[PDB]
Amino acid sequence: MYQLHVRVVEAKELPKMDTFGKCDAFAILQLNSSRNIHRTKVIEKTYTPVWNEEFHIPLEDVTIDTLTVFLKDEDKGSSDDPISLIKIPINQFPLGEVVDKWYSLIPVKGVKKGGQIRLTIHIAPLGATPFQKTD
Ligand SMILES: [Cl-]
Ligand SMILES: [Cl-]
């Protein structure tokens, strides 16, 4: 009955993945290893993508669940090209609080920089208003 509200706000300091242009970045969110897998839109040709997209993900156990965030470059022939990732424990957010923070993405092998991503995260009972403190 707890919901993870995650606003994938923006990222910065992304790598130039190819000689032809800037990154076409999008983010994938996954709860644990479950089927709850969400994707943002692709922002074409920028190192500072701004998505400002909200996702509402039902949670299984707020003491152990993990959110994986995986930043990738849109498929241009070789599948989506991984940039970087982070695994965020759900238990580090006080229940009911709206937490707006930057996170350091770990670049995958062969990638020169991982980027930094801003997420606003709010875990609340599913009937509460998302992205407002649950007093
Ligand atoms: Cl182009
Ligand atoms: Cl939205």
Item to complete: Measure out, as a whole number of angstrom, how far apart the alpha-carbon centroids of segment 60-133 and segment 39-54 sit.
Response: 14 Å
Discussion item. Tell me the Kirkwood radius of the chain: reciprocal of the mean inverse pair distance over distinct alpha-carbon atoms, in Å.
Written reply: 15.2 Å
Worksheet item: What does the charge count near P49 come to, summing +1 for each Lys or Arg and -1 for each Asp or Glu among other residues with Cβ under 10 Å from its Cβ?
Response: +1
Discussion item. Given the options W51, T66, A124, identify the residue whose Cα lies farthest towards the positive end of the charge dipole of the chain (+1 on Cβ of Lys, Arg; -1 on Cβ of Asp, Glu).
Written reply: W51
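Bear in mind these aren't lab numbers, they're just calculated from the coordinates by the rules spelled out. Because the Cβ atoms are built from the backbone with ideal geometry, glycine has one as well, and the counts that use them run over all protein chains shown.
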